[PDB]
Structure formats: structure tokens, C-alpha cells
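Single chain ahead, by itself, as C-alpha cells, in the form deposited in one PDB entry.
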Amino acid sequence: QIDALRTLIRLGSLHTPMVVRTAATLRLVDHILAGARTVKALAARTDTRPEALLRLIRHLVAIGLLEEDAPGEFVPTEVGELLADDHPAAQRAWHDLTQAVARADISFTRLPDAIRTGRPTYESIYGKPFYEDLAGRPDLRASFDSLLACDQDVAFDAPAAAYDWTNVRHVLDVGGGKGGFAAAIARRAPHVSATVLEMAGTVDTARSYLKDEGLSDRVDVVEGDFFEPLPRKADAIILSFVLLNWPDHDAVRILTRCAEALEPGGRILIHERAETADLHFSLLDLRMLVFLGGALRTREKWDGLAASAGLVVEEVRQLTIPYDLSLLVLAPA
């Protein structure tokens, strides 16, 4: 009743996440951590009005991201210190309006259009569809790859383990980001070679990362388009968090091109999510609707797509954050 009003007001509140986002984009906590105690030093480091920044700090204190320690000095709280840039969970970057994802969340402001039409709303705001906007803006293209690659060192270890590489000769990582998954498979299967197929811009950072990993001998990088014939056959084609970017009819074209590049005996491996993990799942799934018109799919939806592409789901293996991921294995129907 009395709390029913307060819970709705807090859940319906738009200023609160933009205050956090401004704080991240201003790099407020790093500037506090670099020794800006007063509001005056802090406005001067961030190029902001002193009195407008106090009003933001005041809200930041009241949502728990900041404390007034000495009168006028402001310290990050324990929640607030997750906004430091070197912090392992990368949450400052994921809330930076200057970067690709927190920029893309602005599409949620036209959420009604996406519910009415089913189509993404990103284009209405920024001019081109998600990945064309990145193709034209190298800062956003780069920002996107490092945001998604923020756990490349550990996030592919468990999926790579989950699979038997003994009879695999080559591996095709289709849209494999910076190559972290090809890298994990290389450091577990010492006899396997790999190719990463990615877009312009990303090919150069994946190559640079695989070089500095010591793996340019074993993992190549081909620039290309996975809607066209893949540049070589393989015994394993990896799609890690790719098909969720796409509506069903495009997802099928991707899976068909892979089925064609599949060698005799081959398997297609899909790495994606399953079903506060409901709030984690609901955020990613509403993000795919409003950015790209993709979706997270259930098991019965996968057999649909798979059947439509000439494939069958062999098995589903179940694998750092509170969330279980899946590894779908697909062979010719």
C-alpha cells in the first residue's frame, strides 16, 4: 500500500539509471580514486558546472553509489567502486554512453514501437541498423568488440572443455569476436587449427589479440560475411552468441551456410543462454528485440530453426555470473 507506491515509483524511474550512466561516462569514480576529494576539483576534471554536478552527486549519494566522508568530500561506496575502470566486471564501460551498448539502450526509449511492430527501434534513432552504424563508426565498432570480449580469458574455458576435439581437424568460429573462443579451443586441443570469420574492423583486433596470445600460427582470421558461402570447410563450426542477434528467417540462412561448410562427420556448436537469472535473461532478450530484432530461443524453438536449416540437435550440454549457458550440437538431418 504505502510501499506499493514506493516500489512502483522506483521501478518506473528513468532518472536513476541515467544518473548512474552519467556518472560512469564522466568517469566520476576514477577521478575520485585519482584523488579529487572536493566537488570543485571534480567538476574541473570532468568539465562540468559545479552546481549541476552537486545535484548529480546528491542523487548518487542517495542511491548508494556515494558517501559524504568529510563535509564536501565524496567517496565511492562498495557498490560505487564497481564503476572503477580497471574493475574486472567492466561495469563502467557497460554504462558508458560513449560506448556501444549503453548508447544502444536508448532504443528502449521507443519500446512501445518494438512491442507494436516486432521490429528493432535502433534504426529510428541512429540512422542505420545496429551493425551498419558500427561499420561506419570505428570508435563504436571497437568499443563493441572489447565490451563483448571483457571475459575472453576465462569465458570460453568451460565450453571448450565440454567438447571432444580429438577427431576435429579444423574449426570455423563464425562471428567469433576477438577470437577468444578459437583461442580457448587451441589451448586445450594442441592439434586443432582454426579460422575466425568476422566483420571489418574486428578482424584486425582479433588478429592482434591472437598474435599477442602466441597463436597466429594456429588461428587465422578471414574477413567476410556469414550470409554468403563460408571461405572454407571445417569439422566444427562455432556460433557463439550469434544467432540471438537475428530473426528466425536470417538465423536459418546463417545455419544453412554453416551446414554447407560442414565436412563429413561435422558438428555445429551453438553457445548461448538458457532459462535473478530471469532478470539477466529478460535484459538480454529485450535488448535483442530493440537493437536487432533477435531473440533468445527455447529448446523447442531450436529444433524449429534446426529442422528448417537441414539439421538436428544432437545434444545440449549445460555449463562466473549466476546464469547457466548451453552448448547445442547440431548434425545433418
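In this text, rigid core is short for the largest set of C-alphas that superpose within 1.5 Å between two forms. So that there is no doubt, residue numbering starts at 1 and follows the sequence shown.
For residue 69, the fraction of other compared entries lacking coordinates, among those that model flanking residues, reaches at least a third.
Deposited sequence between residue 312 and residue 313: no residues lack coordinates (chain continuous). Unmodelled residues of the deposited sequence between neighbouring positions residue 67 and residue 68 number none; the chain is continuous. With 282 to 290 and 29 to 37 compared on mean CA B-factor from the PDB entry, the stretch scoring higher is 29 to 37. The deposited model assigns a higher average Cα B-factor to 155 to 163 than to the other stretch when 90 to 98 and 155 to 163 are compared. For the set 11, 24, 321, 18, the PDB entry assigns the largest Cα B-factor to 321. Ranking 121, 117, 216, 240 by Cα temperature factor from the entry places 216 first. In the PDB entry, residue 44 places in the middle third of its chain by CA B-factor. Annotation for residue 194: C-alpha temperature factor in the middle third relative to the rest of the modelled chain, per the entry. Looking at the C-alpha B-factors along this chain, the one for residue 103 belongs to the lowest third.
Per the deposited record, the Cα B-factor of residue 139 falls in the lowest third when ranked against the other modelled residues of its chain. Looking at the C-alpha B-factors along this chain, the one for residue 145 belongs to the lowest third.
In what follows, reference is made to the form deposited in another entry, a form of this protein that is not presented.
Relative to the superposed core, residue 17 undergoes a C-alpha shift smaller than 2 Å between the shown form and the other one.
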